[PDB]
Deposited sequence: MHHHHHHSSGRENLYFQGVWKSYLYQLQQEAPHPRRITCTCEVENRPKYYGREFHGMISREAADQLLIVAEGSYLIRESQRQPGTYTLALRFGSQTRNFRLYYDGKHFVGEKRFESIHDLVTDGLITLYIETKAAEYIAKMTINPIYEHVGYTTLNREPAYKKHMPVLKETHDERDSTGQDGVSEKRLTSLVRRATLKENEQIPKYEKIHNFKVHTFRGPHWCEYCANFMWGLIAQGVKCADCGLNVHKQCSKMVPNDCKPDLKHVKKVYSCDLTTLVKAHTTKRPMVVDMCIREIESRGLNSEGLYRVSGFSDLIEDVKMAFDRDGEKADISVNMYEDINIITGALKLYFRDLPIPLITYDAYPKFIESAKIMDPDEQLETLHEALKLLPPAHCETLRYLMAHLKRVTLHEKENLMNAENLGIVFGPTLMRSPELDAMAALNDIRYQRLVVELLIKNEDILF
């Protein structure tokens, strides 16, 4: 869908810090460094202690400038040295950390991503989404249609994506910049590309759509997304007898208005029969919701296992492997999925009027609830059959797997 997984997957692949412990009492060791501290050793010395594995790190005293300390880090099958500074927080550059462990964590993520995806990152910004996706005020949709923004460095709790170039904002802290006036979230370098179209009223509107599932759940402290509960309640309320439920789609324009309704009003959004007469609008907004999730309902880390289950012939091991896939999911994705499949089970019971069995429902939802994490999207297309059958299996046997 819209938000790009590449740089998010890379962050997951980044190697973790490996403190090389100096089993050593060292004279004039600063009380703020710990077991990683090695004092004044040679670089050959640092090289020999770091070679053991990727992400190994130590702190040592500089021979060129004594009384000053250097973080020595193993990455790319070689030793990278950074000058350390400390004033209550640890830092090598602009970013200020509470722990070296954290600093080194952000360090290795940066090295990994910036080195592996250099070209990609260089070019993330051609064909941006900014002027096409999102909101503005004339609250309307930009796609329907001068103040310099005010970007400050920001630390995002929970994974967030850049609203200019649509790519993941990587790192452990200060992964991007946020506008203090309107609230727009982008990359430092993307910040210089965003037009002077700041609309400060946009701060007031806390978004629901396109927000990380787990992040959103914790922010509101409710079991599942309010969009999921309300649409589901609305659908089952006016009836599951409607023909082509979830396969038929309402007007694009009004589905986006429902999405805008959720992003502006939240729990007080009006999705009644009075306001939107066509249930296909609500089904489309619910579908859309899942399709705006940065990480899809069935996570990228769970995808292979789910696809594996759908390849197996034995109905028992298939159901056993599929059950094992549900464990690979996070708690929020999992209870969101559980509720959805229970709803889709109820809709299939009314097959005689709505004509929507598990298979054809599985035609609609497979691709929505699943994306392959593979770079080649056209190649990833071969999986559609198995994405389709997974949801199908999840619907039928929902009653036992949950």
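- Unmodelled segments of the deposited chain, in sequence order: 1-17, 156-164, 172-206.
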